[PDB]
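In structure tokens, the next block holds one chain alone, the form deposited in one PDB entry.
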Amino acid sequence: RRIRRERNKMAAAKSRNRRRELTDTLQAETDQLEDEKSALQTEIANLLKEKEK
């Protein structure tokens, strides 16, 4: 039936978008952690410059 089919379309769209948003979210997380990581590291190299006076 034309309807039972446009519905399975959705269920598969939904199922696909869901799994994609997940990677798009794990990927957003790592990319913000990598940002905080470089900020800490730059911060450390600055404090170390000061420690050398």
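All residue numbers refer to positions in the sequence shown, first residue = 1. The term rigid core refers to the maximal set of C-alpha atoms that superpose within 1.5 Å between the two forms. Shifts are known only where both forms have a C-alpha.
Peer 1: If you average the Cα B factors in the entry, which is higher, 18 to 26 or 35 to 43?
Peer 2: Looking at the recorded C-alpha B-factors, 18 to 26 comes out higher on average.
Just so you know, the form deposited in another entry exists too; it's not on screen, but the next bit is about it.
Peer 1: Would you mind telling me which residue of 25, 32, 15, 38 shifts its Cα by 2 Å or more between this form and the one not shown when the core is superposed?
Peer 2: That would be 15.
Peer 1: With the core superposed, could you pull out the runs of three or more residues whose CA atoms all shift by at least 2 Å between this form and the one not shown?
Peer 2: Residues 1 to 18 form the sole shifted run.
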